Each structure stands twice: as structure tokens, then as C-alpha cells.
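Going down the list, the sequences are from chains B and S.
Those letters in the first sequence? Residues 299 to 338, 350 to 716, per UniProt numbering, in order.
Those letters in the second sequence? Residues 299 to 338, 348 to 718, per UniProt numbering, in order.
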Amino acid sequence: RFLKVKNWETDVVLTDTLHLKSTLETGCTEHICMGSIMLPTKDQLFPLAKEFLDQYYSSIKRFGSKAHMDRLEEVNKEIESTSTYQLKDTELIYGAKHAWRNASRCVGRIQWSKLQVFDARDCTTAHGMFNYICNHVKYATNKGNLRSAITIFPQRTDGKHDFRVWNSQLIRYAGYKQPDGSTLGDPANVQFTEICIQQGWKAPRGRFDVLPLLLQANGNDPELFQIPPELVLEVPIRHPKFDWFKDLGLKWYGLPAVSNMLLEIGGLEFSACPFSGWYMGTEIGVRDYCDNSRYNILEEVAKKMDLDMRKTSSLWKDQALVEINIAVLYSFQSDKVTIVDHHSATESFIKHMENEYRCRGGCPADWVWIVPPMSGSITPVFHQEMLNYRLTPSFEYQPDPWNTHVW
Amino acid sequence: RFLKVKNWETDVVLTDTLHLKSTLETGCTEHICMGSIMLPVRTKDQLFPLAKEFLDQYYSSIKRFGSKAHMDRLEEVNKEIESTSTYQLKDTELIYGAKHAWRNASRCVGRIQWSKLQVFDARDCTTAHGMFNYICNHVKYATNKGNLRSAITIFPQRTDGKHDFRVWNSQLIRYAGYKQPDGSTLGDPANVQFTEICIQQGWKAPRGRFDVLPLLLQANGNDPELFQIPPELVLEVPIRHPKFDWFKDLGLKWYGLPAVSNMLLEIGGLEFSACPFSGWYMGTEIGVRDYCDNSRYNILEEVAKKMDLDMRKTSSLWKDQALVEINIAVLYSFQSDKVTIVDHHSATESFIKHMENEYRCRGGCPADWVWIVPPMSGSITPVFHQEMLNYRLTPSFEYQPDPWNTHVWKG
Ligand code: HEM
Ligand code: HEM
Ligand SMILES: CNCc1cc(C#N)cc(OCc2ccc3ccc(N)nc3c2)c1
Ligand SMILES: CNCc1cc(C#N)cc(OCc2ccc3ccc(N)nc3c2)c1
Ligand SMILES: C[C@H](O)[C@H](O)[C@H]1CNc2nc(N)[nH]c(=O)c2N1
Ligand SMILES: C[C@H](O)[C@H](O)[C@H]1CNc2nc(N)[nH]c(=O)c2N1
Ligand SMILES: [Zn+2]
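Structure (C-alpha cells):
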């Protein structure tokens, strides 16, 4: 029950003990592996608090200390009285960094300890949320020299007073359904582009309209806000070889800022915790541009390359996919916006794995998500066995607000 | 219990009921997923229920469940077991068995073809020379002058585990690999260890970059013997590129017949330790893995160089670019020579259709996403977006230890 993992490219074997700390459940059994599935009170709360504080106080080398026991007592009393508890700033920052550290699907985790945590637990209104969010966006963007950040809004109370960012990311392009049949802009956000409009948003109906923020405070009706255009760093996409590439009329935003997840720390639930780092190239060029249910521009590109698009056997899609991804990187690098290629990021992750096994006893990792969506086996992670398990603190999926919101 | 899988590109949902028939274990638990881990003498005690489960399946398939033919067969197997401590499959059962082991192979993307398998019954074989003969005929039939035909040859089942039949090669056709004293490797690095064994057994190695390895064959638990496959039976394809004319000068070729020979076939508790099987290649097996894995021929750099690519920074995607051209070349050469091959877009698309058809008619299709998704261009193939359930059904193909690690030497 002390498990080993092998890298088949290098024969390096690591031994995992960290998994024995794990608490939550995978969805798998002895009889069935669900590794490729996308999604899996007072008495409940105190053991959850205890586990977290034990982790926290061990990490600062004061396990079994006055301070530790005192803090344990104080939280215990606050729970019994208030039916919840409040985290100290130091605990909050610790919890946030470890939620990222524990994200088994994140390839970018080597950077986990350098996260800028913004405490937004004093926020009361959507206008406040907006202000906190603009500050996040401007700080994280940093004129192209990106910095990882998370902004944490007040924690859940009774599920009727939830703070929520309705957007899936702070910055995303609209998608509008055309009468001619297809789809203009980003098909992923068609339902959301609608709700914004269904709420008052005047859509320029372009291919790349930055969506408004739809912010929800204390459980009230969400409100639209337009992010100041000068806070939205965008990169026009050109190819370092194909001069016709620019005419495609493509651009993307610099800041990937996921806003729909739930942060769990010591039993406490933060339903609104937008976080951001910087892009791996393939996220945009492979998935965003080339997924069928997204921008799906592959055909257009191959056409302009004049490739034999007659038989799949010519691998025109593969050839085009590469060039597109070359362009994304080139463009971002040219405009001095932080981006990482999949080779660099996966090599970084192997090292990070090494570090975590060495200093922590393991590193939970979801191979299905860690291996990039192109050129899989020529990246070192493909040949790396990984053990997937759920540690806490964590980022969790949560239901879409518009299915839950008691209007 | 019913389980649902979702294709996130088409929103198509399928319902699995077949996972209930699952017997073996996955390696996973409620607290840990081992989905990316590469690897996961029987007694009369535990043998009859395994026979029975298989015979129940077999007789259901032919719609004679509960028939007198069914009941008598069960009886016959039972007496034979408790009398002889094992049993013999009928030809019909053996053929069904082999096909279903392939059908159940969760890591195999080519399973649309499962019902079209040529089963060669080699259970009357007694010596390595006889093995060589059966294997020669397999290769000849399977190759069919480039028009490949799926086939499997099944040698006698295990008895006491002391008289095992084994093919010591990992595949029937594979290239030698030679560790040089300077640390560099000549030929296929994957085959270095096996190559050394062959040489030690008396193989006279030509020491080239593409030497077809001899067959090393063990019958009835005796020491293995060397055999050279007749070269006119080994179909090979020179690799060239449809636009790059220097590509031929790399000196590359590959063999046309992928024929895996080191797995164990399990049918109704019986273990067939020698059961070589073959289909035809998906292009990326050769082009991505065989040529471009760092631990294999590893030709990305030389190809990148001849392409004059920006090789100073990985963000130029010179590795990605070279990889695609090599795979174009592999596919081109095979089609040009009329040797059966399938590209990864075609194969994955076929798999989705197969999988849907299997859910509908069988109640499921066990699949290992980690292996099903191609090693290049993952998300632009439809399997990437397909949720899959992995579980182990029998009959099945299983890993087994390398024979040089377990073999008791006679001399
Ligand atoms: C700093 C550079 C970062 C890089 C290069 C990076 C990279 C990635 C990539 C490529 C994915 C797969 C995304 C997809 O396919 O949709 C991912 C997933 C994820 N990332 Fe990171 N990331 C970074 C920073 C962060 C930060 C700061 C956090 C949180 C504070 C984070 C948390 C996560 C989580 C929770 C997932 C999985 C979400 C899910 O389960 O769907 N990442 N990351
Ligand atoms: C006819 C054309 C076939 C194609 C195109 C095909 C395709 C593939 C591919 C690409 C793999 C992954 C191999 C790797 O990456 O190492 C695989 C795995 C596998 N195939 Fe098929 N296959 C075919 C026929 C067959 C046949 C005839 C059998 C047996 C009768 C079979 C049984 C298996 C098994 C057991 C695995 C898993 C190997 C493992 O677990 O290590 N396949 N297949
Ligand atoms: C449509 N994809 C599924 C998905 C769902 C959810 C949710 N809920 C979050 C997701 O987040 C992906 C993610 C998260 C954090 C990131 C940080 C940096 C970065 N470059 N990409 C990053 C990507 C993805
Ligand atoms: C070292 N690579 C991992 C591996 C291990 C073993 C074993 N034991 C078998 C393997 O078989 C892969 C396989 C099996 C059957 C195939 C049939 C056709 C085909 N084109 N490829 C096919 C590939 C692979
Ligand atoms: C560690 C990992 O499971 C291992 O490298 C696997 C990944 N997926 C694979 N998929 C296929 N088809 N063939 C392989 O050899 C592998 N290797
Ligand atoms: C079906 C499968 O679970 C789904 O397509 C997953 C596969 N792997 C992925 N990997 C990453 N990094 N991101 C994804 O969205 C997905 N999608
Ligand atoms: Zn699992």
C-alpha cells in the first residue's frame, strides 16, 4: 500500500506515501476505472477544521504546540457557537496555495508556492466584486509579465447567501447563434452569451467580443459589468512564416482566469474564488481554435496552406494544427506576453513531480489531463505513470448558477 | 446499477450495463486511480466455475443456453476436470474464446474488426520446430502479399506450469538492437536485451540497423530454439516522403506485419502462454512511437536537421513539425506499396462507431482512454472527447513475465 510509479522513458521509480493521507473519493472501484470521466453541519465541520489546522501547524513546524492546541480550541468553540468559523489570513493563504498544489489535473503546479492571494472576504456587493476583480485582472496581467493570483470572496453560509462569478472565466469571447445555422464567435459560451443579452448586454455581435462580468453577491440577482478594455491584454495572432495568417482575423486574450470553481479549505466553502496564471500554448491553439465544438478553424487554415484535404491519410489536420500552435507561441512571445509551450511545461512538471515525491512523499496527478492535446508521446509526461487521488484543500467543480439561482 | 458515458463533443450519452459481468480487478480503489499504471498452476478447486462461466457465455452467444447440448457440455467438462485436473476446449469454443479476448481488449483501438479473426489451432504441436512451422504459416497467411488479414495461432495450454509453450520474442517480426561499447545503440533500442539473448543462444548477428531477429521458440517447457524466418516471408517497406526526397536517404524501413507474441490468452480458466496474434498497423505505432520515442530509433533530430528547422528553442515546435512529416512518410510508403495501414483519424473514428454499436448490442465496451487516444494530435481525434469505462472481462489477453526471468534451464 506504499505505491511506486515508473517513468518508462527514464526508468526512474518514485515511491508514493502521500496518497495514504487522501480522504475524498475517486469514483473508481476494484471493478471499474472511471479515470476518463470528466466529473466524478456542525459535527461535519470540526474534523474538517482539525485536519486542516493539523496540516497547517505541521507545515510551520509547530505541530503539537500551545499555539496549535490553542487555535484548535478557539476554532472548536467558534464552530459550536457560530456553526462555522473564520480562517486567519495565514491559514487562508496556506489553504489557497495548497488547493493549487493539490490540483491533480494542473500541469503548471511547479509554480504553486508563488501565488498572490487577495482576501476579498470583506466584499458585500457586486460592485465590490467588480472592483476586486478589476484589481485582480490588472495585477495578474502586469502589462504582459503575468503573475499568478487568486481573489477569494466571502465563504458560504447557508447556501442562500452565495457569492458567485457566473462567467466560466473572467475573460472570454462571446458566441452567437446565426440563423443560417452555424455559430459566430465562441460556441462554448453561446448559452452564456445569451444570458448576458437576456439580462441587458448590448452585443456587438463580432467574432471576438469580450464578455461582460455577471457578478453575484450575497445571493442577490447578478449584475453586468464591462471590464475596462485597457485591462484586457489581447494578442493578435500571426505566423512567423505565413503572411496570410494575419488575415484570418484571429486574436486571443493573455489572461486565463478560471472563475467557476469552488475552493474548499478546512471544511469551509468559497463559491467565488477566481484564479489565474498564464497559458500553455495548446490550450488556445489546439483546444480553443481547433476543437470541433469551438472555433474549428482547421479547414480554413489547411485550405490557405493548400494541403490535400481529400484523404485523412495526408495528415493535413496534424500539419495545420502544428502551424497554428507555432503561431500562438510566436505571437505571444513577440508581444512579450507570458506563455509556455507544452514541451517546457511538461518538462517542468516532471521536475515538480520529482520535487514533490522528494519533499512531500508524492504528487497527485491525472494523466488524462496532464498529457497535452497534441504530440503526446514526445513529451516526457506521456511515459510517466501517475497516481490520481483527492487531497484537501482543493478546487472543486460546482453547479452552474443559472440552474440553481432562486431568482 | 447503470453507468453513463458522455461524448463531450456530440453530447451523445451511452448507458453501460456490461460492467456488471466484470470479474477481474482494475487496480483502482475508491481512494486511488491507477489508470495510468502500465501493468496491472491453477487448481481444480477454482477451475470449474471459470469453465462454467465461459460455457454459459458461449452457449448464450449461440442461443442454446439451458439446452441439452449446454448441460451435457458442462457435465463433460466437470468430469474431465475432476478426473484430469484440467479440460480441453472444442474448436468452436477456442475460436469464440480468441475472438472475445480481442473483443474484450480495452486498450485496443482496432476492435471494430474483432469478429474477423482467423484462428489457427496449434494445440497438437509438440516441439519448437513444429512451432516454427505453425508461425511461418501464420506470417504467410496474415501478410497475404500486403493485403493483411488478422490472425492468431494458439499453442497448447499450460498444464503444471512446468511444460509451458512460449514464444520468447515480443513480436514475431522485430529489428535487433545492439549496445555499442561507446554507449550508443545500433538498431532498435527496445530489442537490445532480447538481441543479446539470441546472440548468446548462437545467433550470428549481421549487426545492422535493420536486422530481422530470429524466432526463439520454447515448446513443452524445454529450452528455447533459434529459427530464422524465411526472408521472403518478411514483408518490409522502405520509408520515403511524398515531397521530401532526402527522406529516403535516412535509410529507414519497417516491417508490415505487427504480430504480438508475448501475451497470455485466458479462456475459461485455461491459460495459453503461446498465442501469437496479428492485425495491421496504425501509422502512429511506427511513426510516432517506433521512430520518435527517445528510447527507440529517435530520429526527430536528424529529420529536424534535414528539414532545417529552428532547433534552438522547443517553442519553435520543431519536434512537433518533424513528427508529422515522419508520420506522413510512414503512411505514404505503406499505401504506395499496397500494404494495409490505417491512419489515426480513420482508426479512432471507426472505434467510436464500434463502441456505440457495442453499447447498443452488448451493453458496453470496456476501453482504456490512456491507451485508446493516439500518441499525437489527441484532441483532433474523436476518442479524446469520449468518456470511457475501463473494466476487465474474460476471455482476455494478459501480460505475463518475460520467459528468461522464469525459465528453468535444462541444458
Ligand atoms: C501559472 C501557470 C499555469 C499553467 C501553465 C497551468 C496549466 C494548466 C492546464 C493546461 C490545465 C488543463 C486546462 C484545460 O485543458 O482546460 C490546467 C488545469 C487546472 N489548473 Fe492549472 N495552470 C497554471 C496556473 C494555475 C493556478 C494559479 C491555479 C489555481 C490557483 C490552477 C489550477 C488548475 C485547476 C484546478 C485545473 C483543473 C480544472 C479541472 O479539473 O477542470 N492553475 N492547468
Ligand atoms: C487489425 C488491426 C489492429 C489495429 C489497427 C490495432 C490497433 C492497436 C493499437 C494501436 C494498440 C496500442 C499498441 C501500443 O501502443 O503499444 C493496440 C493494443 C492492443 N491490441 Fe489491437 N489492433 C489490431 C488488431 C488486434 C488483434 C488481431 C488483436 C488480438 C487478436 C489485438 C489485441 C490487442 C491487445 C490485447 C492490445 C493491448 C496491448 C497491451 O495491453 O499492452 N489487436 N491495438
Ligand atoms: C472546459 N474545460 C473544463 C474545465 C472546467 C472547469 C470548471 N469548472 C475548469 C477548467 O479549468 C481549466 C484551467 C484552470 C486553470 C488554469 C490556469 C492556467 C491556465 N493556463 N489554464 C488553466 C485552465 C476547465
Ligand atoms: C511495449 N509496448 C507495450 C506492449 C506490451 C505488450 C505486452 N506484453 C503487448 C503490447 O502489444 C501492443 C499491440 C498489440 C496488438 C496489436 C495489434 C495490431 C497493431 N497494429 N498493434 C498492436 C499493438 C504492447
Ligand atoms: C505511463 C503510461 O501509462 C504509458 O506511457 C502508456 C501511456 N499510453 C500508451 N498508449 C499506447 N497506445 N501505448 C503505450 O505504450 C502507452 N504507454
Ligand atoms: C473524455 C475526456 O474525459 C475529456 O475529453 C477530457 C480528456 N482530457 C482532457 N485534458 C485536458 N487537459 N483538458 C480537457 O478538457 C480534457 N478533456
Ligand atoms: Zn481508476
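Just so it is clear, CB atoms sit at the ideal spot from N, CA and C, and this is done for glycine as well.
Inset, instruction - In angstroms with no decimal places, state the Cα-to-Cα distance between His329/B and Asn664/S. - result: Reading the first sequence from its first residue, position 31 is the one you call residue 329/B. Reading the second sequence from its first residue, position 357 is the one you call residue 664/S. Approximately 23 Å between the Cα atoms of the pair.
Legend entry - Where the beta strand (DSSP E) containing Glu573/S begins and where it ends: Walking along the second sequence from the start, residue 573/S turns up at place 266. Taken as a continuous stretch (DSSP letters only), the beta strand (DSSP E) holding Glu573/S covers 571-574.
Inset, instruction - Assign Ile459/S to one of three DSSP states: helix, strand, or coil. - result: Within the second sequence, numbered from 1, the residue matching residue 459/S stands at position 152. Reduced to three states, the DSSP call for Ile459/S is strand.
Inset, instruction - Can you say whether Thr308/B is buried or exposed, counting buried as having 16 or more other CB atoms within 10 angstroms of its CB? - result: Taking the first sequence and counting its residues from 1, one reaches residue 308/B at position 10. Looking at its Cβ environment, which holds fewer than 16 other Cβ atoms inside 10 Å, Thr308/B is exposed.
Inset, instruction - Would you check if the distance between the CB atom of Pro689/S and the CB atom of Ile659/S is smaller than 9 Å? - result: Locating residue 689/S in the second sequence gives position 382, counting from the first residue. Locating residue 659/S in the second sequence gives position 352, counting from the first residue. For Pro689/S and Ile659/S, yes; Cβs fall inside 9 Å.
Inset, instruction - Could you tell me which chain B residues have their CB closer than 8 Å to the CB of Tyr698/S, listed as they occur along the chain? - result: The residue given as residue 698/S occupies position 391 in the second sequence. What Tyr698/S touches in chain B: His329, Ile330, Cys331.
Inset, instruction - Mind checking which residues open and close the beta strand (DSSP E) that includes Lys304/S? - result: Along the second sequence, one-based indexing puts residue 304/S at 6. Residues 301-304.
Inset, instruction - Measure the C-alpha to C-alpha separation of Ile633/S and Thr621/B and round it to an integer number of angstroms. - result: As a first step, residue 633/S must be located in the second sequence, where it is residue number 326. As a first step, residue 621/B must be located in the first sequence, where it is residue number 312. When rounded, the distance between both Cα atoms is 15 Å.
Legend entry - Residues with C-beta closer than 6 Å to any heavy atom of ligand 1, in chain order: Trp409/B, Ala412/B, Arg414/B, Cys415/B, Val416/B, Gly417/B, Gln420/B, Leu424/B, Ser457/B, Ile459/B, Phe584/B, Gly586/B, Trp587/B, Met589/B, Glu592/B, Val649/B, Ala654/B, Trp678/B, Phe704/B
Inset, instruction - Sort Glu592/S, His317/S, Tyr562/S by Cα distance to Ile536/S and report the nearest one. - result: Translated into positions along the second sequence, residue 536/S becomes position 229. The shortest C-alpha separation from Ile536/S is found at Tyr562/S.
Inset, instruction - List the DSSP bridge partners of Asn697/B. - result: Residue 697/B sits at position 388 when you count from the first residue of the first sequence. Note: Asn697/B sits in a beta bridge opposite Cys331/S.
Legend entry - Neighbourhood of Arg371/S by C-beta distance below 7 Å, restricted to the same chain and skipping five residues each side: Along the second sequence, one-based indexing puts residue 371/S at 64. If we look at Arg371/S and ignore the five residues flanking it on each side, its Cβ neighbours are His377.
Inset, instruction - May I ask you to list, following chain order, the residues of the region 663-676 of chain B that have a beta carbon less than 7 Å from some beta carbon of chain S? - result: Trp676
Inset, instruction - Could you name the residues of the same chain whose beta carbon sits closer than 6 Å to that of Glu387/S, not counting the 5 residues immediately before and after it, in chain order? - result: As a position in the second sequence, residue 387/S is number 80, starting the count at 1. The residues are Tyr394.
Inset, instruction - Spell out whether any CB of chain S is found under 9 Å from the CB atom of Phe704/B. - result: Here residue 704/B refers to the residue found at position 395 when the first sequence is read from its first residue. Output row for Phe704/B: interface = no.
Inset, instruction - Verify the CB distance criterion: does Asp471/B have a CB-CB separation below 9 Å to chain S? - result: Numbered from its first residue, the first sequence carries residue 471/B at position 162. No, because no Cβ of chain S sits closer than 9 Å to the Cβ of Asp471/B.
Legend entry - Every unbroken alpha helix (DSSP H) within the region 581-625 of chain B, with a cutoff of 4 residues, ordered by chain: 607-614
Inset, instruction - State the DSSP-derived secondary structure class of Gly494/B, mapped to helix, strand or coil. - result: Within the first sequence, residue 494/B is the residue found at index 185, counting from 1. Strand.
Legend entry - Cβ shell of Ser602/B (< 8 Å), same chain only, five flanking positions each side left out: On the first sequence, residue 602/B is found 293 positions in, with the first residue counted as 1. The residues are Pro496, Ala497.
Inset, instruction - Output yes or no for whether 9 Å exceeds the beta carbon distance between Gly437/B and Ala526/B. - result: Position 128 of the first sequence, counting from 1, holds the residue named residue 437/B. Position 217 of the first sequence, counting from 1, holds the residue named residue 526/B. Yes, they are a contact pair.
Legend entry - Endpoints, the alpha helix (DSSP H) within which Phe658/S is located: Locating residue 658/S in the second sequence gives position 351, counting from the first residue. Its alpha helix (DSSP H) spans residues 651-669.
Inset, instruction - For my contact list, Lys304/B and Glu694/B are in at a C-beta cut-off of 8 Å; report their separation, rounded to the angstrom. - result: Translated into the one-based positions of the first sequence, residue 304/B becomes position 6. Translated into the one-based positions of the first sequence, residue 694/B becomes position 385. Right, their Cβ atoms sit about 5 Å apart.
Inset, instruction - Show which residues of chain B have a CB atom less than 7 Å away from the CB atom of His548/S. - result: On the second sequence, position 241 is the one that residue 548/S refers to. Those do not exist, as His548/S stays about 12 Å from chain B at its closest Cβ, beyond 7 Å.
Inset, instruction - Please check if any C-beta of chain S sits within less than 9 Å of the C-beta of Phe300/B. - result: Locating residue 300/B in the first sequence gives position 2, where the first residue counts as 1. Cβ-Cβ to chain S under 9 Å: no for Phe300/B.
Inset, instruction - On a CA-only basis, which of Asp627/S, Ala654/S, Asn697/S, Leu455/S is nearest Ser334/B? Give me that one, please. - result: As a working note, residue 334/B is residue 36 in the first sequence. Taking only the C-alpha atoms, the option nearest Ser334/B is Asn697/S.
Legend entry - Environment of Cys331/S [buried if 16+ CB atoms lie within 10 Å]: Within the second sequence, the letter at position 33 stands for residue 331/S. Burial call: buried.
Inset, instruction - State the Cα-Cα distance for the pair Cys443/B and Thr315/S, rounded to the nearest angstrom. - result: Position 134 of the first sequence, counting from 1, holds the residue named residue 443/B. Position 17 of the second sequence, counting from 1, holds the residue named residue 315/S. Taking the straight line from one Cα to the other gives about 50 Å.
Inset, instruction - Could you confirm whether any beta carbon from chain S is found closer than 9 Å to the beta carbon of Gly590/B? - result: Here residue 590/B refers to the residue found at position 281 of the first sequence. Answer yes: the Cβ-Cβ gap between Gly590/B and chain S drops below 9 Å somewhere.
Legend entry - beta-carbon residue 346/S near ligand 5 non-hydrogen atom, thresh 8 Å: This model leaves out residue 346/S; its place in chain S lies between 338 and 348, and no residues are given there.
Inset, instruction - With 9 Å as the threshold, decide whether the Cβ of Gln693/B is near any Cβ in chain S. - result: Within the first sequence, residue 693/B is the residue found at index 384, counting from 1. Chain S, which has a Cβ nearer than 9 Å to the Cβ of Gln693/B, makes this yes.
Inset, instruction - Flag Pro488/B as yes when its Cβ comes closer than 8 Å to any non-hydrogen atom of ligand 3, and as no otherwise. - result: Walking along the first sequence from the start, residue 488/B turns up at place 179. Result no, Cβ not under 8 Å from ligand 3.
Inset, instruction - With a threshold of 8 Å, establish whether the CB of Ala497/B neighbours any heavy atom of ligand 3. - result: The sequence position of residue 497/B within the first sequence is 188, counting from 1. Correct: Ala497/B has its Cβ closer than 8 Å to ligand 3.
Inset, instruction - Would you mind stating whether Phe579/S and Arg699/S have Cβ atoms separated by less than 9 Å? - result: On the second sequence, position 272 is the one that residue 579/S refers to. On the second sequence, position 392 is the one that residue 699/S refers to. Result no, Cβ atoms of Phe579/S and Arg699/S do not sit closer than 9 Å.
Inset, instruction - Mind listing the chain S neighbours of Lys626/B? Cutoff is C-beta to C-beta under 8 Å, in chain order. - result: Position 317 of the first sequence holds residue 626/B. Neighbours of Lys626/B on chain S, chain order: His652, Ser684, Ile687.
Legend entry - Sequence-distant residues of its chain with Cβ nearer than 8 Å to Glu573/S (five each side left out): Translated into positions along the second sequence, residue 573/S becomes position 266. Closer than 8 Å at the Cβ level, and outside the excluded window around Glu573/S, lie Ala408, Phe579, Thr701, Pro702, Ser703, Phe704, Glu705.
Inset, instruction - State the start and end residues of the unbroken beta strand (DSSP E) segment that holds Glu539/S. - result: What you label residue 539/S is simply residue 232 of the second sequence in a count that begins at 1. From DSSP, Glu539/S is part of no beta strand (DSSP E); its letter is neither H nor E.
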